[PDB]
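First the structure, in the form of structure tokens, and then the observations on it.
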RNA sequence: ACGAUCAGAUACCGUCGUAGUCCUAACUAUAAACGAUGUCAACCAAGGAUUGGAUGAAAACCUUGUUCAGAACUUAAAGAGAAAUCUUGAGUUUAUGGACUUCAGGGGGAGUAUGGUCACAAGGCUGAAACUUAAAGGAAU
RNA sequence: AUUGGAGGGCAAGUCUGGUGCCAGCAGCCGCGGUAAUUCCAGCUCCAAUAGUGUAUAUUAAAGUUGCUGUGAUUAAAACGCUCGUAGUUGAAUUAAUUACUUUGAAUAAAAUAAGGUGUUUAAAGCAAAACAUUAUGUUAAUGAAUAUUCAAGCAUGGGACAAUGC
RNA sequence: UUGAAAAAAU
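Chains as they are written, first to last, in PDB author numbering: chain sx, 6 to 86; chain sk, 2 to 158; chain sr, 2 to 130; chain so, 2 to 21, 86 to 92, 94 to 99, 101 to 143; chain sc, 37 to 251; chain sC, 2 to 32; chain sb, 7 to 211.
Given below as structure tokens:
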């Protein structure tokens, strides 16, 4: 095949992840049931290296977590875009 | 200008005079074809470079361009009779993928070898230069005859 | 002073995308800047935009989605003949399959692939990867 | 910024979102030209040139706009 | 043999097959023996053997710095540097760093998607120090139009057609190869139009087999 | 700033703080 | 869905957090922590939103629980400040997560040749200001980090930040106590409808 | 001009002292005249403090919040660069084009010769060539 | 079958005699003061080849003349600073010319690219021949449309970006 | 308080 692989896409910046990027992470948030016990199913978030080193990863993720429903009111309404 | 009859150069010298990676590659073919000197390699390289430049220029235009259809077929047609390009490859992209072994393998010294008349490729020169060989109806003694497809089965003593 | 409003807007958009911002703001908004974005929107390089009227050539808010690499203006808009296209494409665009030029022709503000189809030339506005 | 000095003041009147002589005042040039007694004042002898260069720009414009008569010329 | 890393453990028992499986998830290669397992038959090239010196009270303490470029011709390459008191040790030391510095090379086509890949996909520029190297995609017939120093490296990376334009002090070879390797190293970070698609949900090998390596 | 906020719909308090000409639609502070 | 109804903070948990003045932060406010701050106190100190503290607390515990539910040793909990040494040590006891007690030797995530070289997949730090070294080494091993950040700390190389007081003895012990209990609840090894046997005083320094 | 020190001292060291140092009038027009950083415009991470207004609270001066303009400072895992370093740019540059003006082309010869012009003068401005030579130089170890 | 070369640039000798910072070699770095891989020699082999070095000049290299495209804190290089004419550059907006752009018209050949054509191939030339096994016919045979060609000039389709006053 | 100088090529 022409491509060597399909590179990951950062969930925060919607930009590619380098093969030499050793600051990028991968946060897995398992789904929880009505009882409140984790499940083998999970959703994967990827954050680029340069995002972390600025102080933005924590706030950027809260935008994604709140959108996906893992948080309820952490991020105010006027800060969601 | 002074003279009316045109003249042209059949080859160009390499830009870097001294490379070991080039002396072996060029001497690989000299033994493989019994060529007199390094002029033959450059001439064949010069010949190919002209065709590659036509296809390279022509690939930048649209397929519905009048010049692409006319000139494009003309280059493929010319190659087909010469037999450098296989018939089943009938696109201008395949012209750029040609190599320097395609042109040298249609020379008379090469053709008389694989057909079996000449035992050794050095022996082919004497037979060719001695007018022992004949192409259809005309005697030939230039070992550089780029035979066409039609004249392929018409090479006899 | 602000000689070229288009240059200021494109340089503002490029800076925001490098920082990974979600949206940008362009203070003086013209018809040419609005029409330049439609070429970028039709290629899905930017989500959309909102021209907010302020009675003073109002601002613009542009939504970006992680796709634009660089959009740049070209200083004085050179008259580009149709035979001078691939000379300009071979300079300003990274590859034959990726980039996109922008020309202001008599048939509006078109890109290179549809000004060629429309068979027209014109002054060159800018480009975007 | 300002026309002559490197100051950058952005104070402006703000007309709301609802729609429901200066050349004469720049002749200041008379007041400085005070200079007859303070002959050594190399400052006011410079700020006068700045004022006079402004007048030659408003006259140059009011003539093009066909406001001032074509024979106008500022002088002492 | 007997690796000391989590990823290195997976490779030895044949759990990670392809090298690019490492490259997708950004897992750092910390053992050179891993590369020799998933990339057999790596061709070898030695670029230069330059000697540095350090002035001391007694005299000069000379060490030999060796640049080696490694990589198979299928889109993988790496460059390593090592300085030591002996020539044999310098090449062996640079051997290891070259393998640990493997990087995938993205290549595409010039104008038509007729297999197979020959040239770089877009325009790339690598910035070492004063030396800057720019790679331009080229048609099929054109070889590697470049200086003898990056042409040796570009052969190993498996790029057959390319157009190069160089700026800076190219007579220093250390930066010339590093700037070449820096150009290729970022070939996969340039998000073109065809890479817009997010892609399917995959799993890191260090997470798929996390329970397995725990014992 | 680095913590990005919505631009199209500014908060009620935020437009009160900013400079009169730097609001989304410049309005005076007089009556 | 994603945040079911069994996840409100029960009145017991809120009662102790105000008692341990968890919501009470420092004076200088980092820009990245303005969202968690609700209002400024009477002597110009930040007061964290208790709900925002809990929502981030559970979310951090959920991430740890998933990673630590099959490989407990793949979680590392570092704690530099002498105050948080005991609580970090009990967190290790009840979950199996490795926990570096005192000083963090630089290169313990990068130097494989080291005898004490650990390669985790998640890192929990007690204080980003004191444990900046551990956070910086993550940026070399692609390992996400979780911090008990305060209103003044720098949020560089932290992905999940729990806004809580990380200087007082009570809050340090309490928050680690809640994180351990929440993790066990997600694991299913501790029912949500019962009371945890171990009291907070065990975690206290 | 003397007295010291010194091999010598026409110098640093000490003592005396003309022009000069001050003001007025007319010239001169050069400085390591420096931020060795042209003018104008757009964007641009985090933080504390300060000079002058405006605006709320706190009973002109002080304490606090917003905002405008000015001289500055600190941090960066980021951007640039050869590096020192720069960040209110020296960033947004081989992914090269916002507008305009001036200046430079290896080191000497040389800001020299000649021509022109300005000044009472010293001098300023414009300003080469023959010839000579593989280096001269910048930042850091 | 010669020319030039055998330290590096740059392919080719850790071969043997003299000279002893001398003769000399050397485009640049440099080699020679008694054990020269470079001098003058002998043998060996490297490159090109009926060609091969030198000297001068043009082009590329040279992103070391910058439109594409340079540099100006410290390497060469921001006028001491402000005003200023010519020149260059100029915010948003409207449901008679010029400039711009598209088609042509017209436009010496040779030359360039190029179509055909086996001068034994090639440079060449625009000749000829598949063939009628040829007088007959293909044949009234081919002649490249040969494309262009910059700056102006003529006409025409379009009015976005620009310019000139009412 | 006094302290000047050290031939050329390796």
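The beta carbon of each residue, even a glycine, is placed where N, CA and C say it ideally should be.
Beta-carbon neighbours of residue i, restricted to chain sc and to distances below 8 Å
i, result
"residue 14 of chain sx", "234, 235"
Proximity below 8 Å, CB of residue i to CB of residue j
i, j, result
"residue 165 of chain sb", "residue 152 of chain sb", "yes"
"residue 5 of chain sb", "residue 52 of chain sb", "Limits of chain sb in this structure are 7 at one end and 211 at the other, which puts residue 5 of chain sb out of reach."
"residue 81 of chain sb", "residue 126 of chain sb", "yes"
"residue 81 of chain sc", "residue 47 of chain sc", "no"
"residue 148 of chain sk", "residue 115 of chain sk", "no"
"residue 220 of chain sc", "residue 113 of chain sc", "yes"
"residue 211 of chain sb", "residue 175 of chain sb", "yes"
"residue 104 of chain sk", "residue 45 of chain sk", "yes"
Which of helix, strand or coil DSSP assigns to residue i
i, result
"residue 24 of chain sk", "helix"
"residue 82 of chain sc", "strand"
"residue 57 of chain sk", "helix"
"residue 45 of chain sx", "strand"
"residue 128 of chain sr", "strand"
"residue 92 of chain so", "coil"
"residue 92 of chain sc", "coil"
"residue 32 of chain sC", "coil"
"residue 42 of chain sk", "helix"
"residue 7 of chain sx", "coil"
"residue 118 of chain sr", "helix"
"residue 115 of chain so", "helix"
"residue 1 of chain sk", "Within the shown structure, residues of chain sk are numbered from 2 to 158, placing residue 1 of chain sk beyond reach of any answer."
"residue 10 of chain so", "coil"
"residue 5 of chain sr", "coil"
"residue 139 of chain sk", "strand"
Residues that residue i contacts on chain sc, provided the C-beta gap is smaller than 9 Å
i, result
"residue 193 of chain sb", "The contacting residues do not exist; residue 193 of chain sb stays about 15 Å from chain sc at best."
Partner residues on chain sr for residue i, Cβ-Cβ distance less than 8 Å
i, result
"residue 18 of chain sx", "21, 67"
Rounded distance between the beta-carbons of residue j and residue i, thought under 8 Å
i, j, result
"residue 40 of chain sx", "residue 12 of chain sb", "7 Å"
"residue 30 of chain sr", "residue 71 of chain sr", "Their Cβ separation, rounded to whole angstroms, is 21 Å, which puts residue 30 of chain sr and residue 71 of chain sr out of contact at 8 Å."
"residue 46 of chain sr", "residue 62 of chain sr", "About 16 Å; that fails the 8 Å criterion."
"residue 169 of chain sc", "residue 215 of chain sc", "4 Å"
"residue 95 of chain so", "residue 115 of chain so", "7 Å"
"residue 198 of chain sc", "residue 190 of chain sc", "6 Å"
"residue 129 of chain sb", "residue 144 of chain sb", "6 Å"
Within chain sr, partners of residue i - CB distance below 7 Å
i, result
"residue 5 of chain sC", "22, 23"
"residue 30 of chain sx", "Those within 7 Å of residue 30 of chain sx in chain sr number zero; the least Cβ separation is about 16 Å."
Residues that residue i contacts on chain sk, provided the C-beta gap is smaller than 9 Å
i, result
"residue 148 of chain sc", "60, 92, 94"
Partner residues on chain sC for residue i, Cβ-Cβ distance less than 7 Å
i, result
"residue 62 of chain sr", "8, 9"
"residue 9 of chain so", "Those within 7 Å of residue 9 of chain so in chain sC number zero; the least Cβ separation is about 14 Å."
Residue i: contacting residues in chain sC (beta-carbon distance under 8 Å)
i, result
"residue 51 of chain sr", "9"
Contact set between residue i and chain sr, taken where Cβ atoms lie within less than 9 Å
i, result
"residue 157 of chain sc", "95, 96, 98, 99"
"residue 56 of chain sx", "21"
Partner residues on chain so for residue i, Cβ-Cβ distance less than 9 Å
i, result
"residue 21 of chain sC", "13, 15"
Under 9 Å by beta carbon: chain sC residues contacting residue i
i, result
"residue 83 of chain sx", "6, 7, 10, 11, 12, 15"
Amino acids of chain sc, ordered along the chain, whose beta-carbon sits closer than 7 Å to that of residue i
i, result
"residue 53 of chain sk", "177"
Within chain sb, partners of residue i - CB distance below 8 Å
i, result
"residue 242 of chain sc", "127"
query = Which ranges does the alpha helix (DSSP H) cover as unbroken runs of at least 4 residues, wholly within the region 8-87 of chain sb, from first to last along the chain?
reply = 17-25, 56-74
task = Please list the segments of the beta strand (DSSP E) lying wholly inside the region 177-233 of chain sc, counting only runs of 3 or more residues, in order along the chain.
result = 198-203
request  = Give, in chain order, every unbroken run of the beta strand (DSSP E) that is at least 3 residues long and sits entirely within the region 9-35 of chain sx.
outcome  = none
ask   = Curious, which full-length alpha helix (DSSP H) runs of at least 4 residues does the region 82-159 of chain sb contain?
value = For secondary structure counted as the alpha helix (DSSP H) over 4 or more consecutive residues, the region 82-159 of chain sb holds these complete runs in sequence order: 91-101, 138-144.
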